[PDB]
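# Architecture at a glance
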Amino acid sequence: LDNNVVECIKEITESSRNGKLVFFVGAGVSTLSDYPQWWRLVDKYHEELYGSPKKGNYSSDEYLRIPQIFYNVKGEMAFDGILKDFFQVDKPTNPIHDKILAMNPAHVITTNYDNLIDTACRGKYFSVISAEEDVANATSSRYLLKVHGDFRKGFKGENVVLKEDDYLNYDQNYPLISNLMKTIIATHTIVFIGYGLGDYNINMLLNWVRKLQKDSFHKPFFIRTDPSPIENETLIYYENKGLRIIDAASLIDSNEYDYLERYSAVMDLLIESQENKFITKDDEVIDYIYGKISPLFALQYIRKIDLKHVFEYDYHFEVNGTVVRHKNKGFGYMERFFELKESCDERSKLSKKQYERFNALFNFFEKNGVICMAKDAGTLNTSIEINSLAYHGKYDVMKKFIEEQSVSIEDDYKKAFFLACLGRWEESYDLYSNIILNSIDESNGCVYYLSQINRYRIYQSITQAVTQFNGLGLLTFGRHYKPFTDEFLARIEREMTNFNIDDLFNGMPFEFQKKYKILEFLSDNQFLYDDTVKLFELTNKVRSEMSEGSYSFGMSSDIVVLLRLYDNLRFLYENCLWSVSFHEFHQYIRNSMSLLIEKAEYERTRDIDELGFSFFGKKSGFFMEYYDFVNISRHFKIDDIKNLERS
Amino acid sequence: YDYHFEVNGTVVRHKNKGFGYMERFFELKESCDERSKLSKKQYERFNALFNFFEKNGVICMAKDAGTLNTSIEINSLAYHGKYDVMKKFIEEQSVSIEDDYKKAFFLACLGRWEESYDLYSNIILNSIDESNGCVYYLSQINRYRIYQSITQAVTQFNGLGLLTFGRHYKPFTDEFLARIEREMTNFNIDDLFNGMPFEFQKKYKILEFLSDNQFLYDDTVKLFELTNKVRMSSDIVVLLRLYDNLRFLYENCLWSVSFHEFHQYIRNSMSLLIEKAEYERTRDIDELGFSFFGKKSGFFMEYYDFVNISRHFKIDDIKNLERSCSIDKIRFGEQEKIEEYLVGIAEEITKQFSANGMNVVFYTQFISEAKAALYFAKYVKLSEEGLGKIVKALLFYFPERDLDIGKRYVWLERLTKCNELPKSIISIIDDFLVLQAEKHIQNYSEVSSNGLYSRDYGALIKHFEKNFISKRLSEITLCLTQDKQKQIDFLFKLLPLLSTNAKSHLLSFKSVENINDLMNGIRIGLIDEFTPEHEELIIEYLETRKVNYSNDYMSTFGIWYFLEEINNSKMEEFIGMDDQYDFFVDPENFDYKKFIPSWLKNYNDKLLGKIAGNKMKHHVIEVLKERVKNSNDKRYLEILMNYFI
Amino acid sequence: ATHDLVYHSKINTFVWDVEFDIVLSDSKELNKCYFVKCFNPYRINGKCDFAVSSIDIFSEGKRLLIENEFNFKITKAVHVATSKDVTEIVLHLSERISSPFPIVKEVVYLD
């Protein structure tokens, strides 16, 4: 297809996915369902007025003048009588209505006075506005704007806009509806349908648009469905007027008198194109992957388990470092990326910017630990490491760091986290508040969200500690001195009296809600749900293998748990989050380490591998390194270690 | 967040900085003179509020606690499995919208998913007006869940392989299918709530979580409090939380109760609760005393716990729970309602088998519950008629594609652990054995999974009643001729249940003519006696083997002589060929250095008891002590555990 | 291909997806078949019984009666996953253990 058509379809798909798509339904769509047209009504009026009709005398202004003459001469009763005679019948819905509703439009603007679009919503709730009083009394935030006053209240001629008198005083009689339509056009992305290029409404819209600034609005999309393909001069002239035309007869060949097929072809292409990604060459795939991944560059480390949420369940990212296709119906972009990785010659097939983007993607993916696909996987081995002084507990080093002078916002974030781990929670809250206030100048906002989460967690911890101290202060302390000031607590209570953590993510800009989708899990216990359940299941397996006396000579099933454990720790200790100070995390770490130690002890002793299977099955072994000792010391109690030593 | 409602039924003030309205309301509820202080309509409002609060089990504050009953009652027919009642209730013409909602939920539960989808579409069409948008929202959610379940069932079930049938009995035709995809081409469930009227979003905020993919993360995370090893508690509050979630999800007729996440949550919670109870019991007996607490665990289990275990647990999970968290030392609660549940499910399965109306979508869901319930019924004691009914249902009308003869035998043996065998179910087993005998008349051979067959049943019968003779099988085998070969083998497999005349009729066919023929006869134990002719045959076999000087055959005769089955000292002269032969022929002169305790792993209970009572004892006890001190194996530990000390 | 095998110490054998082309004595050829073991310590019968576990041989998926079980001439063992000759593994793992049936396809526990 044409490049410009592809670009227009891509923009329409993006607008629909973002929820900013509105449809301007014309009168041809209603005609498709054999609804009576206006020329039939004007012919009936002409027959009633004079006595005989004539085809020659029928222009654009005649359609608006003849009903006006009929109203002025015959009166009002006859006008509504004819309208009721020709408009009382009811007609079935059209497949085009269902196709256009399946595109998920935010609002629907129509200039019809019918109910076919109304009855098409299938199970969707839309607020109908057709009079002036209905604008204020809307029940929802989704608008079905019938501009010309449908027949809901009756069949009288005063509720519609048909004659020349109603057209002339339209702006005076209907200010709110016109203003609402204008602002809806201004904000959302609007696609016309079922309209002739010479229609009165389109010309009025173009005339109004010409008053605006050059770059203060987006160009509305138009769909043309006529038997004759559009001429070059007309297309250029209408494009220069600020309206982007998509032709239908040009794409699909059909006869003169067929109308449903062009509409259906265009709408089917629009519906199919949304889930399809138009990537064919290496440049497009690399650009798409960069667009998906680059927002994650702000964070130091990302865990592999939730990476599948970025790609919308299109690829299962195994914990060990392999990826598996799950629901990628379209092109296998991961396959192409790994093929580009495995061959250095094809790296010359991209431009310099694409080459540097590929280099950055290589750096990021190697840092996160993604290696290759399951088929290409061999005997890969992965080590672990942590780059935070807080984890290692070098307290003098962090004290010296906090003595240093701040140089940037991220450095202040690191200082705040390090100081919070130092127990000086008042200064930690003060520094977090200063960071939030000073982070107004930003381009991403991730630091703001993380600092707000940390501030809320610190407030909760302070409240819990001040409540809990009095309980044990009588016996294990005796002194009963609260290390806090009432002024600080009062200010804390006043400041956090209305901060709702549930809807903090919903209030963030749409860009943040689209890019940083995973970070939502940090607002609650959800980010611990995807791991804990797995652990439980694995436990129910391992003990089942322990009581039956079975010795598997292959890979040990506990490895997954270990990897996940370390993964979580890294993601919670390299991004400087306060969630590492909770109780659920401590319990989870204790359970994981206990299961690992029990499995290692059980597999330490063997019967047949020593004498019968000594020629193979040697890979069994459990090193206990510095990280395991740190994890045990941090997240264990005396009784738990006593139970471990007993068992 | 002004008040926190503790699940025992109490309220506490945490984050309210204004007037204590809840305290005033409960003060009005307490006293009676405060009435007539309201302008009529407020009295009606207070009456309605009091009724609603009493229905939901909210009573007083924390300071006014007067002990809590915490009785849990679920009044939904779908939970108790009263399938006939709901099937009858579906037929009657509806009156109100909520009646159609309940009918649609019942249809979805029963497996008629096309009718449920149509009913949900009709409901969402009709109930678009009014201020009762809650029904519209719930119907939307249920319709989406039904569509997801239909697609998942088609993808996993339709295609992808199935050995139960050649074709899937058309799980929804291609007319009903490929139409939902048109109606749900780009359906999005995340924006369903946001598109609602602002009054709906203001009022029914608490329903928002129904539109999320995962809505049970908080309880799963909070389950971690049950694995603490540190010495109301946590188990009680966890149990009421589970009960509350179950009641809310079932009473409101929500389909999300039939998904994987809910089943996983129930399994995890129940398993953790049982493990914690067992650990607490074992620590209590370890640290204080043996029988001070009445040798009874504190986890008294009742109707609802049994229902949840039967419905939400697979066979493997129940097996793991039994293996690691032995239940025989904790008693059951209600028995009449459990027996009613068991007889009802037996009636349901017999109706499903008899009427041939096997809805595959419903059958797949129902058979797992049936299997789990019949497996777990071992710990419950039942009446005579109920036991007979369930035994008849399990043996007769249970589908063959799921339980073979061996699995059915395992289920039956587990059933009669604490109920024994009266005459009625013995006669039922006889009707099965004769029925099997008939099915035998042909190119038909029985297929089993664990390697157990019909003869085991007879053995069990002969174990529980040694003076039984079946007239029907005797008459069947009396007219039996020698043209057939497989059926006569079946009768030899069931030899001891036949009358004397039938015994002679079959014994004539028995003809020892070769040592391998003797082996074949003794595998099924046809020749229980040891005639001198058989002894001479064994003598010549051993002589040929000795003069001849792979597999092992001498072991059987070694066991037989060590079991005093051979009352003749003849084979003592055959030594020097293999170790165990001399071990079980000459225990005094056997060289114990060549001994390997691996043989102890293939010795049954009777042989182990026999060798335990013979003095040989200290040599084997020493070598197995060395084995256990070298490697900590459970088999040697158990062998020392129950027999040799 | 050695990752799938598992050693069971309750009955002291091995479980591994494998298929046996055993040959019976007296020039009797048997096609591909596999072993099945069941562990049942709670037996009912007495006197004549001398074992605790039941061993069956399944041929092409249908049971076969045993008349003379003395086919101690190895087998053309193949790992049916990708059709790998693992006969060497079986033959030099058999004599290292005293179990008459070192390799069993699946085992079943009836404890």
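As shown above, the structure is provided for reference.
Residue labels reflect position in each chain's written sequence, counted from 1, rather than necessarily the entry's numbering. Residues lacking coordinates are not shown. For this description, chains carry letters from A and ligands carry numbers from 1, given in the order in which they are written. As shown, the structure covers only some chains of a larger assembly, and all values describe those chains. Excluding hydrogens and water, the side-chain values take into account all heavy atoms of the structure. Residues with missing side-chain atoms are left out of burial classes, side-chain pairs and their counts.

## Considering the overall build of chain A
A count of helices and strands for chain A gives 30 helices and 11 strands. In this treatment the radius of gyration is a C-alpha quantity, and the globule benchmark scales as 2.2 Å times the residue count to the 0.38 power. Relative to the 2.2 N^0.38 estimate, which gives 26 Å for 647 residues, the radius of gyration of chain A is 34 Å and therefore markedly larger than a compact globule would have. Dimensions of chain A along its principal axes, counting C-alpha atoms only, are 110 × 70 × 50 Å. Taking all 647 residues of chain A together, the buried fraction comes to 48%. A total accessible area of about 33600 Å² is found for chain A, and carbon and sulfur atoms account for 52% of it. With 77 positive and 97 negative side-chain charges, chain A shows a spacing of 2 Å between the two charge centroids. Going along the chain from the N terminus, every DSSP run of H or I of four or more residues is numbered as a helix, and every run of E of two or more is numbered as a strand. Relative accessibility under 20% of the residue-type maximum defines a buried residue, over 50% an exposed one, and the middle range a partly exposed one, all with a 1.4 Å probe and only protein chains included. Surface accessibility follows the Shrake-Rupley procedure with a 1.4 Å probe radius. Residue values consider only the protein chains on display as shielding. Neither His nor the chain ends is counted toward charge; the positive residues are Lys and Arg and the negative residues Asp and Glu. For the purpose of locating charges, the reference atoms are NZ of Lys, CZ of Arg, CG of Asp and CD of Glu.

## Quick word on the overall build of chain B
For chain B, the helix and strand inventory stands at 30 helices and three strands. Taking 26 Å as the expected radius of gyration for a compact globule of 645 residues, we find that chain B reaches 33 Å, considerably beyond that expectation. The C-alpha extent of chain B, read off along each of the three principal axes, is 110 × 65 × 45 Å.

## Concerning the interface of chain A and chain B
On the chain B side, the residues contacting the 39 residues of chain A number 40 residues. Should a side-chain nitrogen of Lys or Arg be within 4 Å of a carboxyl oxygen of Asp or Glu, the pair is scored as a salt bridge. For the interface between chain A and chain B, the tally reads zero salt bridges. Whenever two N or O atoms come within 3.5 Å, that pair is a polar contact, provided that in protein one can donate a hydrogen and the other can accept it, and provided that, for residues adjacent in sequence, both atoms are side-chain atoms. The interface formed by chain A and chain B contains 10 residue pairs in polar contact. Of all elements in the fold, only α25 (529-547), α27 (583-604) and α30 (638-646) of chain A reach the threshold of two or more residues within the side of chain A that touches chain B. The element contributing the most residues to the side of chain A that touches chain B is α25(A), with nine residues. Of the residues in the side of chain A that touches chain B, the class split is 10 nonpolar, 16 polar and 13 charged. Any two residues having at least one pair of non-hydrogen atoms within 4.5 Å are treated as being in contact. We call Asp, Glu, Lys and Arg charged. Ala, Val, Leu, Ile, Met, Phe, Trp, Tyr, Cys and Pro are nonpolar, and the rest, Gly among them, are polar.

## A few points about the interface of chain A and chain C
Between chain A and chain C, the residue contacts involve 14 residues of the former and 15 residues of the latter. For the side of chain A that touches chain C, the secondary-structure elements that each account for two or more residues are β11 (550-552) and α28 (608-611) of chain A. No other element matches β11(A), which puts three residues into the side of chain A that touches chain C. Where β11(A) and strand β1 (residues 6-8) of chain C come together, three bridges link them in antiparallel fashion. When the bridges of β1(C) are listed, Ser550(A) appears paired with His8(C). Only strands joined by at least two bridges in the DSSP assignment are considered to pair.

## A closer look at the pairing of strand β2 (residues 107-110) of chain A
All names here are of chain A. Of the two faces of β2, the one lined by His 107 and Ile 109 and the one lined by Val 108 and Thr 110 are each fully buried. In terms of strand pairing, strand β1 (residues 21-25) meets β2 through four bridges, oriented parallel. Looking at β2, one finds that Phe 23 is bridged to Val 108. Here three bridges tie β2 to strand β4 (residues 143-146), and the two strands are oriented parallel to one another. Directly across from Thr 110, in β4, lies its bridge partner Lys 146.

## Considering unusual backbone geometry
Residue and element names in this part refer to chain B. Backbone geometry places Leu 160, a non-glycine residue, at a positive phi of 65°. Along the chain, the position of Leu 160 falls in the loop between α7 (133-157) and α8 (180-183). Of note, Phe 172 is a non-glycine position whose phi angle comes to about 75°, a positive value. Mapped onto the fold, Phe 172 is located in the loop between α7 and α8.

## Considering the sheet that holds β1(C)
A sheet is described by the order of its strands in space; here four strands give the open sequence β11(A)-β1(C)-β2(C)-β10(C), paired in mixed fashion. In this open sheet, the two strands that pair with only one neighbour each are β11 of chain A together with β10 (103-104) of chain C. The pairing of strand β2 (residues 13-15) of chain C with β10(C) spans two bridges and is classified as parallel. Bridge assignment links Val15(C) to a residue of β10(C), and that residue is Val104(C).

## Remarks on a nonpolar patch on the surface
Each patch groups residues whose relative accessible area exceeds 30% and which form no salt bridge, using 9 Å between like charges and 5 Å between nonpolar side chains of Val, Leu, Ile, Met, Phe, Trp and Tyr. Judged by side-chain polarity, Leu1(A), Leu251(A) and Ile252(A) come together as a nonpolar surface patch covering roughly 310 Å² of accessible area. Exposure remark for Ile252(A): the relative accessible area of 43% places this residue in the partly exposed category.

## Side note on the sheet that holds strand β11 (residues 106-109) of chain C
Read from one edge of the open sheet, four strands run β7-β6-β5-β11 (chain C), paired in mixed fashion. Of all strands in the sheet, those with a lone pairing partner are β7 (62-63) and β11 of chain C, marking the two edges.

## A closer look at helix α1 (residues 3-18) of chain A
Residue and element names in this part refer to chain A. With 16 residues, α1 extends 23 Å from end C-alpha to end C-alpha; this agrees with the ideal 22 Å at 1.5 Å per step. Buried within α1 we find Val 5, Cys 8, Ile 9, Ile 12, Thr 13, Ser 15 and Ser 16. The buried residues of α1 occupy an angular sector of 165° when the element is viewed end-on, so they sit on one face. Opposite the packed face of α1, turned more than 90 degrees from it, sit the exposed residues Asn 3 and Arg 17. Here the buried face of α1 lies against β1, β5 (189-193), β6 (221-224), β7 (244-247) and α13 (260-273). Expected span of a helix, by definition, is 1.5 Å for each gap between consecutive residues, and there is one gap fewer than residues. What the arc measures is the spread of directions leading from the helix axis to the C-beta atoms.

## Topic: the environment of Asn213(B)
Mapped onto the fold, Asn213(B) is located in the loop between α9 (198-203) and α10 (217-222). Separated by 23 residues in sequence, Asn213(B) and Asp190(B) place their C-alpha atoms 9.1 Å apart.

## Details of the packing of aromatic side chains
Working definition: a ring pair exists when centres of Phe, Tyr or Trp rings (six-membered ring for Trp) sit within 6.5 Å. Plane angles under 30 degrees give stacked, over 60 give edge-to-face, the rest tilted. Within this structure, the stated rule accounts for 104 aromatic pairs over all chains. Considering the side-chain rings of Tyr79(B) and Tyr304(B), the 6.2 Å spacing of their centres and the 15° angle between planes classify their relative orientation as stacked. With a relative accessible area of 1%, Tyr79(B) lands in the buried category. Its relative accessible area of 8% is what places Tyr304(B) among the buried residues. An aromatic cluster is defined as three or more aromatic residues linked by ring pairs; in this entry it consists of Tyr551(A), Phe553(A), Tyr602(A), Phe613(A), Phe615(A), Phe616(A), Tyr7(C) and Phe14(C).

## Comments concerning helix α11 (residues 200-209) of chain A
Residue and element names in this part refer to chain A. Looking at α11, one finds that the buried residues are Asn 201, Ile 202, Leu 205, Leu 206 and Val 209. Taken down its axis, α11 places every buried residue within 135° of arc, on the same side. Check the buried side of α11 and you find it contacts α10 (175-187), β5 and β6.

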